[PDB]
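Chains as they are written, first to last, in the deposited numbering: chain M, 1 to 9, 12 to 48, 109 to 477; chain C, 996 to 1044; chain 5, 3 to 258; chain 4, 1 to 259.
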Amino acid sequence: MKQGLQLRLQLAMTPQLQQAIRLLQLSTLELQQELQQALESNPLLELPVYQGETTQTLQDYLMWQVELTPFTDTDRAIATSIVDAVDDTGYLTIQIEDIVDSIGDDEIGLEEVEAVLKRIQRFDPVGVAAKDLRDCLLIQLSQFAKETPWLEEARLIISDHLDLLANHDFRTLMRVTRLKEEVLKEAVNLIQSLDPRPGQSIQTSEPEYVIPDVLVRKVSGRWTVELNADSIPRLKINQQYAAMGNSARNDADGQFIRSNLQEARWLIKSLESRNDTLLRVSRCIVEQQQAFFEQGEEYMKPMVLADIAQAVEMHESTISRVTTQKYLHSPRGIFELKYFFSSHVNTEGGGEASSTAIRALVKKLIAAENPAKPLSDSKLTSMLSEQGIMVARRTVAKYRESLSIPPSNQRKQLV
Amino acid sequence: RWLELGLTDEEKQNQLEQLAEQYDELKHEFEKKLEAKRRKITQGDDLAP
Amino acid sequence: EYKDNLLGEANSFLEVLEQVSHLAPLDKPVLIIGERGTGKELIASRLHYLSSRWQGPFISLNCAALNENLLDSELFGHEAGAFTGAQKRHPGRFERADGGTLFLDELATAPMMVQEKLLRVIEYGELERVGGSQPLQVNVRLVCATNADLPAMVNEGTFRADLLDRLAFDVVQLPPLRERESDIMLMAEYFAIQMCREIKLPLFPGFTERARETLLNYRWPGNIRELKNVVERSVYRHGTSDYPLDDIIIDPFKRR
Amino acid sequence: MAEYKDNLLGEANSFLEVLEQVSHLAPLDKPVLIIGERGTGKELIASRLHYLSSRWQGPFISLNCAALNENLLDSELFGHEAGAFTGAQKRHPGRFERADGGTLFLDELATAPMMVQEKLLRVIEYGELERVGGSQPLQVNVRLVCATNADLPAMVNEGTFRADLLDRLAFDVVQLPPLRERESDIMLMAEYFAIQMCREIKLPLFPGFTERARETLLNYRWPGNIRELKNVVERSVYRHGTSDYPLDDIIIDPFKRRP
Ligand SMILES: Nc1ncnc2c1ncn2[C@@H]1O[C@H](COP(=O)(O)OP(=O)(O)O)[C@@H](O)[C@H]1O
Ligand SMILES: Nc1ncnc2c1ncn2[C@@H]1O[C@H](COP(=O)(O)OP(=O)(O)O)[C@@H](O)[C@H]1O
Ligand SMILES: [Mg+2]
Ligand SMILES: [Mg+2]
Ligand SMILES: [Mg+2]
């Protein structure tokens, strides 16, 4: 009747489940780190060489040549110091002045440092120790014979006209360099194949790093999702200490051991239940994925924390902590749980959902517009009109930045 | 066949109906095996993760 | 299209309809002088499916059953957690209004205060009952309809001059129940067929011309689906439309 | 300090002079109380004063009394800062509090709470207001704006208004030239509304109207002063719906049975 609020409807909190959620929101790698750092005191809580082959790593390959090259002790020291602060791309990390300071010799000067670098500038490969790469591509072209045409045009452009090509400003470039029409592009292309980051070329090899935590294998539609068994932590109750407590003459001390053990059993069961709740949540998510992942991120409905926590009895904070730093390997592959949710929109697909791979493939088509110039946001809007889903140019710029696409008047290139 | 012109129009009509039936039946069966096979074409393999 | 249902062979039904059509692009208030058990709602529909914003919201919320004085304040709004015991205004009606019109049934009972609050709406329409929230307007049109005697209200002063005026922009007299007699035979058979079909009654009993005459005799002021209601009565009187139609039920209180 | 004349139309009676006096008042911020026909020059006058309120004056805090239900009308009245009244949370500032400096767009609704009346009396007390549980008074400011549509002195003799309802009210009065009285821009504002009406109708050409219509227009009472006629005008526009096609009649009283 006469509405309002009226009295109706305390105790003591503890951070127990709170610390547990701190673990769950924390990633399982460091979460297991704590799990070990936890189970340590809880006593009831459970060839050498193979192939053994060394490698060059490039800089030592440079040193191999330096050893065969004639060099003095100060020359060897300067070259070695130059080698010490070297980047993967093969450009010089520190300037010549920093190298002169590192040599710490008044006899060592910038000119001697430059001479040492130049004698070692193009030994292997061309354009090593690029030193703010620019003269590096210059030395690379200089290595090429002048018999190659348009070498002069490319050289004049690289001399002091890097900015004109930086914005892809072909008209301003032609107006400045007086470069030939439809021919200066030839010098540009000869410059384009100039082995940039040539030192980056040596580096090629890596091992694998992604942890499948849950596995949905699309088992006969509506994937049979399953976590990783070995990755799931588990303790073993000290049954010896369980039998070392009651019979303890201090039946008090031993039964208290039993009580602490029972409490830890509760803790472990709660963690397992956290895993299982995450698992049933994963069942709902996999029901979603049998269409979304199967239709890919393009046909994916944006979901919310509210939406998922509604399907469960889990609290919104409960889920919000539960999935933090979680990733599962699927038929698609290893995919992060934090990636699962997405913001919805005002598109005229009849509904609200997220751009995602739609935005990515939109960037793809905008690039796929005539390679002369990047497609503007109006192109995206028309593409969406064809898609029948509402998208806006501010929204287009947003989704493009999400796909990290180049700007419309920055990605224009000579076809 | 003139769509059962009616040469006997009795069993020839009947036989013609049956034959067109089997003909479409084979057309469908062929297309069906074709579709199953074509699905198998791009059916796709299981690589490691 | 209201299925074109409720056919009124009274070319005045058509004429009303034509007025409606002229009103259809039109976006201003309208009264429908309806009848007891007449069916202003269905025609208002027929309008809404034809609305200038026919794609617009079409809600039916009348304050005739406004048992709560506060059901109003709601309909005018609520601050989020206004009073308390609640989260936010349940704003559905206020929702339909923006991107819509206003339709009500039997506007007689309104608290006069409620009414003139509606007045402060129609001319301007602030975010209302909103517990101090800043104003806000619903792109809201209107339509009115009742079986009451407007002069009776005027004598009652029931509609304020600002109210009676700015409230009203068109008047749609439902023909009297007996006014649309040829229409009566028409939509009567319309129901007859509609019933014989949907009932899946294996045969259609048809109609006894004597029953037809008796039915026409029914002043039947209520006919909204009160036509359909007496129709269901008569159908049960037949019980089954297999036989030709003669069993016509009007007054069902009678035992025996 | 601008025009914002808006659709303030049809003042060829001394309603022009009415506006003039309104202007004479406009600089002063003291209590405003007026009088006149509801839905008829009235809230337009309100707009008029809202323009008279400096554009930079502030929120034209509209006060619509036919609302407020019963009780916590009190809440937003005195205020509500405590718990158990308006969802608690922050001190909910009432529409009364919503106006700080704003328009006391008092509407003469003639609702029952002279309880309210006394409250507003304290609203108009010392420039101050205090909330529900409102632990302190707070000296408040707002422009004050009332009007009328009926016999306030009679209701005083009728006792119907709190005597002080009027006693605190109405530094002076401001009435309206009735439709039975104003009667001057008849054809004028008639055409103005007609222009708007055809334009919305996008009617290709101004129908024109016969003089029989204007003779009726003189004959008509127009009890609703401004709109009732205006509604009538738009109604003629509709019932005709023809371009350049000169009118010879108008649409007002659809309660008139059809022939
Ligand atoms: N033209 C019509 N077509 C179909 N049904 C109608 C028509 N007119 C009235 N009715 C029926 O009358 C019943 C109540 O109708 P009505 O009296 O219009 O509503 P209200 O009580 O708001 O006037 C409705 O359920 C509707 O089925
Ligand atoms: N110049 C005008 N021409 C036509 N109609 C008008 C004119 N001025 C006011 N009206 C009409 O008068 C109606 C009531 O206005 P008003 O009396 O200010 O309402 P309130 O009761 O809030 O004071 C409005 O709906 C408006 O359409
Ligand atoms: Mg009804
Ligand atoms: Mg008003
Ligand atoms: Mg007093």
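Even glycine gets a Cβ: it sits at the ideal position worked out from N, Cα and C.
- For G4 (chain M), at least one C-beta of chain 4 is nearer than 9 Å to its own C-beta.
- Spatial neighbours of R212 (chain 4) in its own chain (CB-CB distance under 6 Å, excluding positions within 5 residues in sequence) are listed in chain order as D248.
- Taken from the Cβ of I226 (chain 5), at least one heavy atom of ligand 3 lies inside 8 Å.
- Counting along the chain, the unbroken alpha helix (DSSP H) around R122 (chain 5) starts and ends at 114-125.
- Counting only Cβ-Cβ distances below 8 Å, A88 (chain 4) has contacts in chain M at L5, in chain order.
- Using beta-carbon distances, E118 (chain 4) does not count as an interface residue toward chain M, since no partner is under 9 Å.
- The segment 11-27 of chain 4 makes contact with the segment 180-189 of chain 4, as at least three CB pairs between them are under 8 Å.
- Shown here, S62 (chain 4) sits in a strand according to DSSP, grouped into three states.
- Within 8 Å of the CB of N71 (chain 5), the CB atoms of chain 4 belong to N69, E70, in sequence order along the chain.
- Shortest gap from the CB of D164 (chain 4) to any heavy atom of ligand 5: under 8 Å.
- Distances taken from the Cβ of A46 (chain 4) to the heavy atoms of ligand 2 include one shorter than 8 Å.
- In the displayed model, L25 (chain 4) falls within a helix according to three-state DSSP.
- Boundaries of the alpha helix (DSSP H) harbouring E43 (chain 5): 42-50, taken from the DSSP string.
- In terms of CA proximity to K5 (chain 5), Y51 (chain 5) leads the group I35 (chain 5), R257 (chain 5), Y51 (chain 5), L33 (chain 5).
- Inter-residue distance for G39 (chain 4) and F78 (chain 5) is about 20 Å (C-alpha atoms, whole angstroms).
- With a cut-off of 8 Å on Cβ pairs, the segment 100-115 of chain 4 is in contact with the segment 112-131 of chain 5, counting three or more such pairs.
- As the crow flies, the alpha-carbon of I201 (chain 5) is around 20 Å from that of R214 (chain 5).
- Within chain M, the residues placing a beta-carbon under 7 Å from that of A84 (chain 4) are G4, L5, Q6, ordered along the chain.
- Selection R227 (chain 5), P246 (chain 5), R257 (chain 5), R199 (chain 5) evaluated against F209 (chain 5) yields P246 (chain 5) as nearest (Cα-Cα).
- In the structure shown, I35 (chain 4) falls within a coil segment according to DSSP collapsed to helix, strand and coil.
- Flagged as an interface residue toward chain 4: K30 (chain 5), by a C-beta distance shorter than 9 Å.
- In terms of Cα proximity to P258 (chain M), the closest of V238 (chain M), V366 (chain M), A191 (chain M), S404 (chain M) is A191 (chain M).
- The residues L46, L323, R327, in chain order, have a CB closer than 7 Å to that of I299 (chain M) in the same chain once the five nearest residues on each side in sequence are set aside.
- For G4 (chain M), the three-state secondary structure derived from DSSP is strand.
- From the listed residues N251 (chain M), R336 (chain M), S321 (chain M), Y401 (chain M), the smallest Cα separation to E359 (chain M) is found for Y401 (chain M).
- Counting only residues of its own chain and dropping the five nearest sequence neighbours on each side, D338 (chain M) has no CB closer than 6 Å to any other CB.
- For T86 (chain 5), DSSP records a beta bridge to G4 (chain M).
- Residue burial is scored here from C-beta neighbours: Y238 (chain 5) has fewer than 16 other C-beta atoms within 10 angstroms and is therefore classed as exposed.
- Where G316 (chain M) is concerned, the enclosing alpha helix (DSSP H) starts and stops at 313-351.
- Positions of the beta strand (DSSP E) runs, each at least 3 residues long and wholly inside the segment 139-227 of chain 4, are given as 142-145 in order along the chain.
- Check the Cα spacing between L423 (chain M) and each of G411 (chain M), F403 (chain M), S466 (chain M): the tightest is with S466 (chain M).
- Distance from the CA of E1024 (chain C) to the CA of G1039 (chain C), rounded to the nearest whole angstrom, comes to 24 Å.
- Straight through space, the alpha carbons of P259 (chain 4) and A163 (chain 4) are spaced by roughly 51 Å.
- Closer than 9 Å to the CB of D74 (chain 4) there is not a single CB belonging to chain 5.
- Secondary structure remark: continuous alpha helix (DSSP H) runs of at least 4 residues inside the segment 207-237 of chain M, in chain order: 213-222, 224-228.
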